Each structure stands twice: as structure tokens, then as C-alpha cells.
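Chemist: Starting off with a structure, shown below.
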Amino acid sequence: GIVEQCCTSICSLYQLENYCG
Amino acid sequence: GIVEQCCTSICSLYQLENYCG
Amino acid sequence: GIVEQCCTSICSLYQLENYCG
Amino acid sequence: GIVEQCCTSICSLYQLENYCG
Amino acid sequence: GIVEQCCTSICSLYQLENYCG
Amino acid sequence: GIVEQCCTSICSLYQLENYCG
Amino acid sequence: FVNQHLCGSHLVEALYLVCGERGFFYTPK
Amino acid sequence: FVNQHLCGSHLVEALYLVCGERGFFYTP
Amino acid sequence: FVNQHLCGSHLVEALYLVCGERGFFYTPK
Amino acid sequence: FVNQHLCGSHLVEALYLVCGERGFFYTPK
Amino acid sequence: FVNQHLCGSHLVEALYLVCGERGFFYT
Amino acid sequence: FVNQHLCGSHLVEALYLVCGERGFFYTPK
Ligand SMILES: [Ca+2]
Ligand SMILES: [Ca+2]
Ligand SMILES: [Ca+2]
Ligand SMILES: [Cl-]
Ligand SMILES: [Cl-]
Ligand SMILES: [Zn+2]
Ligand SMILES: [Zn+2]
């Protein structure tokens, strides 16, 4: 999940766009 | 859509819960 | 206070409503 | 009323301070 | 300024990147 | 800098004002 | 489109808060 | 009015910073 | 410290939505 | 769960800004 | 007036995410 | 560290509120 990946380590914006619909 | 319903008039917490998963 | 009760453990929306005026 | 005074015009810090405890 | 450019019309992510250090 | 000073101990508004332009 | 963008930013925060664990899906027009 | 509702949301955030430990009572 | 200062910022925002017309009073004490 | 909740609030804002008109799925657990 | 001030608050938040390590200017 | 990242997000909000029209130049440094 996004919480597991991005709440202990910083996620870049291009990493976050992978979760877009 | 949620935009057309809650961005011209105030929606309560109960109206917004209809868009839950 | 609300900090010692909701920042050490998660508070629900019902528990937050206790502090409404 | 803080909404009527500060949502029709910009309120500075001193005007905002008057609503503290 | 950025306010006159991006608060009268929506600016894209690339347009915001113009103001980065 | 700002992060190393105001993210390990809280900073007042007067301390933050010194970082204004 | 400025107002709708500002409203949408507050809607997603409210959806995150009021919905908690069920999750939500947000989409514009 | 949503714009007034959104302005109130930012007002309490500003009240939180300025007031600090004295606190505040958002009446509206 | 910093952790609870950040938590309180989200707390008052949550109280603003939940309480609504009734309002609320915040005290870190 | 305090840190997870605070982290999730910013991720939702970040997803809203990045995805834009595409939208995004959110599911805590 | 008020609307510009509210929009500016979201601008800096957007600048913080986009710019990252580079930082940003707000004038 | 995510907590440092989240803390900086609140710093720019406070800087915007305090500096106002004078502006500011944020740097993580
Ligand atoms: Ca917020
Ligand atoms: Ca905020
Ligand atoms: Ca925000
Ligand atoms: Cl807004
Ligand atoms: Cl936070
Ligand atoms: Zn806003
Ligand atoms: Zn936060």
C-alpha cells in the first residue's frame, strides 16, 4: 500500500502518480 | 459528482460519507 | 487536555465531538 | 464574530490575537 | 508575481516549477 | 537552517519572522 | 477553475477524515 | 457559502499558530 | 514537542469540520 | 496510529495535486 | 482580497511538494 | 525521514502567514 511505502520513507511525486486512477 | 454538490453549497459530514468506499 | 488524549492515541470523530462548544 | 470580520477582509496577527485566551 | 499568475487561472505543475530555487 | 532548528524544537512566530525576505 | 481546485483540496481532506478506513475515490468532472 | 466555509478552515489554523498555549474559542 | 505541535494542527482542523455550527474551544492544556 | 493518520492526510493532498483530473484510489487497510 | 490570500496558502504547499530539495521563492 | 518532510510542510504554511506580502525564500539546506 501507499501508506506502507511512503510513511516511513519519502516518496517522490513521480512515485505517487503510480497510485492515480 | 461531489464537486457539483459540495463546492457551491456546504455539505455536512453525513453527505460526504456517501462518497466513501 | 485534548493533546494528551488524541496525540498519544488515535481519537475517533465521536471522541473529538466531546470538545465542541 | 471572527468570520464576519476576517473572511471579508484580511486580518493581521494583532486582530487575530484578540480571539485568543 | 505568482499570485497574479496562478490565483486568477490555474497553473500546471510545470508552471509552478518555474519558482523553485 | 530552518528545518534543523524548527523541526527538533518548536519555533515561535518571532523566530520564524527572521526567515522572511 | 481556481475555486473548484481549492474546494477539491478541502474535500479530499474531509473525505480522508470522515471516512477513515473505508477509503474513498476522488474524481473531477 | 463554501468560500466562507473554506475561509473558516484557514482561520482556525491561523488561530492555532498565533494563540499558542493560551488557546482560543472558535465561536462560529 | 514538534510531533504534538503538528498533531494539534490537524486536531483543530478536525474539530472545525466535526463541530460545525456549534464551534469549539481549543486548549493544549 | 497517530503518525499513520498524519502521514495519510498529506499523501491525500499530494495525490490530489499530482493526479489532478485523473483521480486516485485511496485505501488505508 | 480574501480569495487571493486563501489561494496563496495553497500555492506554497504546492511549491513545497514540487520543488523539494531545491526550495522555492514566494514574493 | 518522513516526519522531517511533514514538519517542513507546516513550516512553509507558517512562513506564508507570518511574512505575508514581504514573502520568503524557503530552503531545506
Ligand atoms: Ca489541512
Ligand atoms: Ca494547512
Ligand atoms: Ca494542506
Ligand atoms: Cl481555500
Ligand atoms: Cl503532520
Ligand atoms: Zn483552502
Ligand atoms: Zn501535518
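Residue numbers start at 1 in each chain; chains themselves are named A, B, ... in the order of the C-alpha cells; ligands are numbered from 1 in the order shown.
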Which residues are near ligand 2 - at most 12 Å, using only C-alpha atoms and all ligand atoms? Format: as JSON, numbers by chain.
Modeler: {"G": [9, 10, 13], "H": [6, 7, 8, 9, 10, 11, 12, 13, 14, 15, 16, 17], "I": [6, 7, 8, 9, 10, 11, 12, 13, 14], "J": [6, 9, 10, 13], "K": [6, 7, 8, 9, 10, 11, 12, 13, 14], "L": [6, 7, 8, 9, 10, 11, 12, 13, 14, 15, 16, 17]}
Chemist: Find the residues near range 1-15 of chain D: any atom within 8 Å, counting only C-alpha atoms, skip ones fewer than 2 places away on the same chain, and give them as JSON, numbers by chain.
Modeler: {"D": [17, 18, 19], "H": [4, 7, 8, 18, 27, 28], "K": [1, 2, 5]}
Chemist: Using only N, CA, C and O atoms, please write the residues we just selected to a file, as a PDB file, in the first residue's frame.
Modeler:
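Writing the result to selection_7.pdb gives the following:
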ATOM      1  N   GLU D  17      -4.938  37.947  17.280  1.00  0.00           N
ATOM      2  CA  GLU D  17      -4.590  37.688  18.674  1.00  0.00           C
ATOM      3  C   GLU D  17      -5.756  37.975  19.610  1.00  0.00           C
ATOM      4  O   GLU D  17      -5.886  37.329  20.656  1.00  0.00           O
ATOM      5  N   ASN D  18      -6.626  38.921  19.244  1.00  0.00           N
ATOM      6  CA  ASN D  18      -7.731  39.304  20.118  1.00  0.00           C
ATOM      7  C   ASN D  18      -8.729  38.173  20.332  1.00  0.00           C
ATOM      8  O   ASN D  18      -9.554  38.256  21.248  1.00  0.00           O
ATOM      9  N   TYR D  19      -8.679  37.126  19.510  1.00  0.00           N
ATOM     10  CA  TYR D  19      -9.573  35.984  19.639  1.00  0.00           C
ATOM     11  C   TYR D  19      -8.956  34.837  20.430  1.00  0.00           C
ATOM     12  O   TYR D  19      -9.538  33.750  20.483  1.00  0.00           O
TER      13      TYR D  19
ATOM     14  N   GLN H   4     -16.953  30.991   2.285  1.00  0.00           N
ATOM     15  CA  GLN H   4     -16.899  31.345   3.700  1.00  0.00           C
ATOM     16  C   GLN H   4     -16.530  30.136   4.554  1.00  0.00           C
ATOM     17  O   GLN H   4     -15.787  30.265   5.534  1.00  0.00           O
ATOM     18  N   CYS H   7     -12.826  29.648   4.202  1.00  0.00           N
ATOM     19  CA  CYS H   7     -12.098  30.688   4.926  1.00  0.00           C
ATOM     20  C   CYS H   7     -12.046  30.385   6.418  1.00  0.00           C
ATOM     21  O   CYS H   7     -11.021  30.615   7.070  1.00  0.00           O
ATOM     22  N   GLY H   8     -13.143  29.869   6.977  1.00  0.00           N
ATOM     23  CA  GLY H   8     -13.137  29.484   8.377  1.00  0.00           C
ATOM     24  C   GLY H   8     -12.121  28.397   8.677  1.00  0.00           C
ATOM     25  O   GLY H   8     -11.509  28.384   9.746  1.00  0.00           O
ATOM     26  N   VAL H  18      -1.090  31.548  16.194  1.00  0.00           N
ATOM     27  CA  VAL H  18      -0.932  32.812  16.909  1.00  0.00           C
ATOM     28  C   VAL H  18      -1.204  32.632  18.398  1.00  0.00           C
ATOM     29  O   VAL H  18      -0.446  33.117  19.246  1.00  0.00           O
ATOM     30  N   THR H  27     -16.053  30.457  17.913  1.00  0.00           N
ATOM     31  CA  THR H  27     -17.478  30.526  18.218  1.00  0.00           C
ATOM     32  C   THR H  27     -18.347  30.224  16.995  1.00  0.00           C
ATOM     33  O   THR H  27     -19.305  29.447  17.114  1.00  0.00           O
ATOM     34  N   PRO H  28     -18.066  30.793  15.803  1.00  0.00           N
ATOM     35  CA  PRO H  28     -18.900  30.359  14.671  1.00  0.00           C
ATOM     36  C   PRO H  28     -18.698  28.892  14.294  1.00  0.00           C
ATOM     37  O   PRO H  28     -18.858  28.546  13.120  1.00  0.00           O
TER      38      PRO H  28
ATOM     39  N   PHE K   1      -8.306  40.184  -2.560  1.00  0.00           N
ATOM     40  CA  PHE K   1      -8.531  40.293  -1.124  1.00  0.00           C
ATOM     41  C   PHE K   1      -8.425  38.938  -0.430  1.00  0.00           C
ATOM     42  O   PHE K   1      -7.355  38.330  -0.394  1.00  0.00           O
ATOM     43  N   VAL K   2      -9.548  38.475   0.124  1.00  0.00           N
ATOM     44  CA  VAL K   2      -9.550  37.235   0.895  1.00  0.00           C
ATOM     45  C   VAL K   2      -9.256  36.036   0.001  1.00  0.00           C
ATOM     46  O   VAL K   2      -8.491  35.139   0.376  1.00  0.00           O
ATOM     47  N   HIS K   5      -5.597  35.580  -0.737  1.00  0.00           N
ATOM     48  CA  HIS K   5      -4.854  35.095   0.421  1.00  0.00           C
ATOM     49  C   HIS K   5      -5.050  33.596   0.619  1.00  0.00           C
ATOM     50  O   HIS K   5      -4.093  32.872   0.918  1.00  0.00           O
TER      51      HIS K   5
END
Chemist: Pair the Cα atoms of chain L and chain J in order, fit the first onto the second, and let me know the RMSD in Å.
Modeler: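 Between chain J and chain L, the C-alpha RMSD is 0.6 Å.
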Chemist: Just how far from CA of residue 26 in chain L is CA of residue 16 in chain F, in Å to one decimal?
Modeler: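 Taking CA of residue 16 in chain F and CA of residue 26 in chain L, their separation equals 11.4 Å.
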Chemist: Find the residues of chain G in contact range of chain J, meaning any atom within 6 Å when counting only C-alpha atoms, and list them as a VMD selection string.
Modeler: chain G and resid 21 23 to 28
Chemist: Using the chain letters and numbers from this document, which residues of chain K does DSSP assign to helix (DSSP H, G or I), as a list in words?
Modeler: residues 2, 3, 4, 5, 6, 7, 8, 9, 10, 11, 12, 13, 14, 15, 16, 17, 18, 19, 20, 21 and 22 of chain K
Chemist: With 10 Å as the cut-off and only C-alpha atoms counted, what is the closest atom pair between each nearby residue of chain K and chain A? Distances in Å to one decimal, ordered by chain and number, as CSV.
Modeler:
residue,atom,partner,partner_atom,distance
K:17,CA,A:13,CA,7.6
K:18,CA,A:13,CA,7.4
K:20,CA,A:12,CA,8.8
